[PDB]
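Starting off, we have a lone chain in the form deposited in one PDB entry, written out as structure tokens.
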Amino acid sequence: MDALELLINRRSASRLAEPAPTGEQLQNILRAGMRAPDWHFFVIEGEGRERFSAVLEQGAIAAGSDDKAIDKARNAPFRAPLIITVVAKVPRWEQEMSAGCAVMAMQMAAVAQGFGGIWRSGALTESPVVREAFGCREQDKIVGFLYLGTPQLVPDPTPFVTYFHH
């Protein structure tokens, strides 16, 4: 689709289902996340979701979370057919913003191809168990998890604009 169309309704609602992007479609999303300067990706799908679920749940448990949070951790991976874990290896604010630039690009690449992506990154991102699951070293850091799949069904800047008249 044309870049112009990418400025559509932007009604990114929840509920992502199959089909999940595959082959080049998925490669295109990853590529887009890469070109946004001015990263290690983990593909979680199918049976892999089971494992991820177990890891998140153990993470929540070790973190002393409550039943509801624990159950939410276990059920998380099944909210989309595909999940991409973004791990990073240059000030703080720099990487912080670069991460956001990359994530937004990935979500746009998914949309452009008829898919959708929901970004997630809670406290479990810092859980020793979860970090270990993705082989995170001391310097390594889990940025977050991008849920992908096929989606299932006006902003006013004016109140926020001022002119530097001079």
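We number the residues from 1 along the sequence you see. Here, rigid core means the biggest group of C-alpha atoms that superpose within 1.5 Å across both forms.
Another form exists, deposited in another entry; not displayed. Remarks below refer to it.
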Report the residue, chosen from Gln58, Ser65, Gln113, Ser98, for which the CA moves 2 Å or more between this form and the one not shown after the rigid core is overlaid.
-> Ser98
Answer yes if the CA of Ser12 moves 2 Å or more between this form and the one not shown after aligning the rigid core, and no otherwise.
-> yes
Since the Cα separation of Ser12 and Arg120 moves by 3 Å or more in the other entry, tell me which way: closer or farther than here.
-> closer
Look at the CA atoms of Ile8 and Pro19: state whether they lie closer or farther apart in the other entry than in this form, given a difference of 3 Å or more.
-> farther
